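**Q** Chains A and B are the protein sequences, given in the same order. First residue of the first sequence? That's 1 in the entry's author numbering, and the numbers climb one at a time after it. First residue of the second sequence? That's 4 in the entry's author numbering, and the numbers climb one at a time after it. Note that beta-carbon positions come from the ideal geometry of N, C-alpha and C, so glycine has one too. Structure provided below as C-alpha cells; questions to follow.
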Amino acid sequence: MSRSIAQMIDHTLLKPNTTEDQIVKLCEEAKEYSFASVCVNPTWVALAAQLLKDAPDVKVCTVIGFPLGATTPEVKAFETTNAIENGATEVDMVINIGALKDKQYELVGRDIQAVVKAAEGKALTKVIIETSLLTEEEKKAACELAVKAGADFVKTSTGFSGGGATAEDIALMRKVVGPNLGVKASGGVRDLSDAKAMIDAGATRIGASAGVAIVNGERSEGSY
Amino acid sequence: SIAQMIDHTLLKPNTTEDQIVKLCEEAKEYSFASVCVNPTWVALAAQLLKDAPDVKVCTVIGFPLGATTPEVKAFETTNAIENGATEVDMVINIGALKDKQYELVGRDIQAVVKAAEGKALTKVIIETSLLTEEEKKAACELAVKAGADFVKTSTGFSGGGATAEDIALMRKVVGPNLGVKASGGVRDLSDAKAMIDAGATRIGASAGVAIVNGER
C-alpha cells in the first residue's frame, strides 16, 4: 500500500512515574496501529514482551544507560543482556557524552561496542547521541563511532535534555552513516507534520509519544 | 561546620573531565563530606581524593529515573564500589510504589543494600515531587526495612526539590536510625540551614562553595 507512517514509530513512554496500566494501554495501542515497537524503561520489558507475545511485528524496545549515558560500559552491557533476557529485541543506548566532549573517542566507541556485543544477533541497537548537547563536529564523530562499533541506528535525542530532533541534524546523520545504519528522529516530534519533516530529511524511525494522533492524522488527511 | 554535611555534586550529562577535577579540589579545599559524580567518574574521583580520606566518592545508582531492574541496580552498585565509591544514591522504582507494588520496591532497594553491604552507605532517593504524602512515608518505611542508611529528597531531574515539610516527614519516619538528605533547590546557606532545622543530616548541592562562604 502507501506505507503508513505507523510502521516507523516507536511508541514511547519513559516517564519516571509510569504505572502498569499505562504500559498496558501503550502495548494495546501498538498492537492496534502496528507501530514499529513500544519503547519502555527496562523495568517494563518483561510485561511488554508478554503483552506483545502474539504481536511479532511489534518489537519490545528499551533504553540503556538512559537518559544521562554517564555510567560505565560494563553497566551498559549488563543492562543490555539483562533487558534481552527479559524480552527486549531493540535497545536504545546513550553515548558517554562527556567522554565525547573530551575527545576520548576510544572510550566512546568502547562504550557503544559493549552494548553492540551484548546485543549481537539478539537485539537491534540504537545509539542516542543527544544532539542538543553536541557541536556540529561531535555529532558527526559520534555517528562515525557508531558505524565502526557495529550499531544498527543513530538516534537524535533522549527527550530529557534541552532539545529534540531537527531536520538539519537528521540530514547530518544520514550523510555520515549513509544507507548502512538507520536514522531515528526523537524528542519534540509532536504532529504528523514534524514526523514527515524528519522522514524527508532522512529518518527511518520516529520516536514519539503522540503516535496515536500522528496516525490518526494519516487517515484524516484523505477524509472527505 | 556546614561543609562536613554537603555532598559536592555535579551530575550533568555533558560534564567533562576538567570539571570533575575542579569538583574534587573544591571538596578537598572546603572538606566537603563527599563528591557526588556519575558512575563514569568514580575511578577518577577516587584517585584524585586518595590523599583525602575524609571526603568520600559518592555516585548515583539507577539514576535518575529509577525505572530499571534490581539486577542492574545491584550490578551498577557493585561496579561503582569496585571503582572506588563508598556511598551510593539510588532511585526507587517510582512506578512500582505508585502501583502499591511494595514487595518490588523493597526488593529493589535490598538489591543495592546487599551489594553495598559492609562497603558503602546507601541513600534511597524517593523523589518527593512525584509522590503523595502517604507514598513518601511508605517509601521511607521500605528504606528502613531494606537496610538503607539514608533517605533522600530528589534526583534534581523531576518536579521539584527538597522542602522543609518533606524533611520533617521523612525524619519522623526514619527517626534517628537513618540519615535524611536534602537535595535539589538548595542554593544559599539559608536553604541549607532550613533543611537541617527540619531534620536533614546531609545536603546535596551544586554550589557548596556558595553555601559555605555564607557562614565564613
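Let's see if you can read the secondary structure: which residues bound the beta strand (DSSP E) around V115/A?
**A** Locating residue 115/A in the first sequence gives position 115, counting from the first residue. Where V115/A is concerned, there is no enclosing beta strand (DSSP E), although the alpha helix (DSSP H) it sits in stretches over 105-119.
**Q** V75/B and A30/B look like a contact to me (Cβ under 8 Å); what is the Cβ gap, rounded to whole Å?
**A** Stepping through the second sequence from its first residue, residue 75/B is reached at position 72. Stepping through the second sequence from its first residue, residue 30/B is reached at position 27. That pair is no contact at about 28 Å.
**Q** When DSSP labels each residue in this structure, what does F153/B get in the three-state scheme?
**A** Along the second sequence, read from residue 1 onward, the residue named residue 153/B stands at position 150. Here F153/B sits in strand by DSSP.
**Q** Bridge partners of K126/A, per DSSP?
**A** Taking the first sequence and counting its residues from 1, the one referred to as residue 126/A is at position 126. DSSP, once it has assigned bridges, lists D92/A, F153/A as partnering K126/A.
**Q** Please name the residue, chosen from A77/A, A6/A, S2/A, that lies closest to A208/A on a Cα-to-Cα basis.
**A** Locating residue 208/A in the first sequence gives position 208, counting from the first residue. It is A6/A whose Cα lies nearest to the Cα of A208/A.
**Q** Can you find a C-beta in chain B that's less than 8 Å from the C-beta of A88/A?
**A** Here residue 88/A refers to the residue found at position 88 of the first sequence. Output row for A88/A: interface = no.
**Q** For the beta strand (DSSP E) that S37/A lies in, which residues bound it at each end?
**A** Taking the first sequence and counting its residues from 1, the one referred to as residue 37/A is at position 37. First-last of the beta strand (DSSP E) with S37/A: 37-39.
**Q** Taking 6 Å as the limit between beta carbons, can you name the residues of its chain near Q113/B, skipping five residues before and five after?
**A** Counting from one through the second sequence, the residue named residue 113/B turns up at place 110. Cβ neighbours of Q113/B within its own chain (closer than 6 Å, five residues either side excluded): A149.
**Q** Straight-line CA distance for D102/A to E20/B?
**A** Position 102 of the first sequence, counting from 1, holds the residue named residue 102/A. Position 17 of the second sequence, counting from 1, holds the residue named residue 20/B. Looking at the two C-alpha atoms, the distance is approximately 7 Å.
**Q** Counting along the chain, where does the alpha helix (DSSP H) carrying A30/B start and finish?
**A** On the second sequence, position 27 is the one that residue 30/B refers to. Element bounds for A30/B: 20-33.
**Q** To which residues does DSSP link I9/A through a beta bridge?
**A** Within the first sequence, numbered from 1, the residue matching residue 9/A stands at position 9. Beta-bridge pairing links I9/A to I206/A.
**Q** Taking CB distances under 8 Å as the criterion, tell me whether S2/A reaches chain B.
**A** Taking the first sequence and counting its residues from 1, one reaches residue 2/A at position 2. No, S2/A lies away from the interface with chain B (no Cβ there is under 8 Å from its Cβ).
**Q** For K15/A, which three-state DSSP category applies?
**A** Counting from 1 along the first sequence, the entry for residue 15/A is found at position 15. Looking at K15/A - three-state DSSP - the assignment turns out to be coil, as it is neither helix nor strand.
**Q** Can you find the residues in the same chain that come closer than 7 Å, C-beta to C-beta, to residue 225/A, ignoring five residues on each side of it along the sequence?
**A** The structure shown does not extend to residue 225/A, since chain A is modelled only from 1 to 224, so the question has no answer here.
**Q** Hey, does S186/B have any beta-carbon neighbour from chain A nearer than 8 Å?
**A** Numbered from its first residue, the second sequence carries residue 186/B at position 183. Chain A contact via Cβ: absent.
**Q** Taking the straight line between their C-alpha atoms, what separation do you get for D54/B and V215/B?
**A** Taking the second sequence and counting its residues from 1, one reaches residue 54/B at position 51. Taking the second sequence and counting its residues from 1, one reaches residue 215/B at position 212. Each residue's Cα considered, the two are about 22 Å apart.
**Q** For chain A, is any of its Cβ atoms less than 8 Å away from the one on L68/B?
**A** Position 65 of the second sequence, counted from the start, is the residue given in the question as residue 68/B. Yes, its Cβ sits closer than 8 Å to a Cβ of chain A.
**Q** Since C61/B sits in a beta bridge, which residues does DSSP pair it with?
**A** Position 58 of the second sequence, counted from the first residue, corresponds to residue 61/B. Paired residue(s): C39/B, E90/B.
**Q** CB-CB under 6 Å to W44/B, same chain, minus the five flanking residues each way: which ones, in chain order?
**A** As a position in the second sequence, residue 44/B is number 41, starting the count at 1. Answer for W44/B: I23, listed in chain order.
**Q** When you compare each of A146/B, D200/B, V147/B to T166/B by their alpha carbons, which one comes out closest?
**A** Reading the second sequence from its first residue, position 163 is the one you call residue 166/B. Of the candidates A146/B, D200/B, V147/B, the one whose C-alpha sits nearest the C-alpha of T166/B is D200/B.
**Q** Listed from N- to C-terminal order along the chain, which residues in the stretch 14-43 of chain A have their beta-carbon within a distance smaller than 7 Å of any beta-carbon of chain B?
**A** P16, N17, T18, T19, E20, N41, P42, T43
**Q** In angstroms, rounded to a whole number, what distance separates the CA positions of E79/A and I64/A?
**A** One-based indexing of the first sequence puts residue 79/A at position 79. One-based indexing of the first sequence puts residue 64/A at position 64. C-alpha separation (whole angstroms): 6 Å.
**Q** Do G182/B and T204/B count as a contact pair if the criterion is CB distance below 8 Å?
**A** As a working note, residue 204/B is residue 201 in the second sequence. As a working note, residue 182/B is residue 179 in the second sequence. Closer than 8 Å, so yes.
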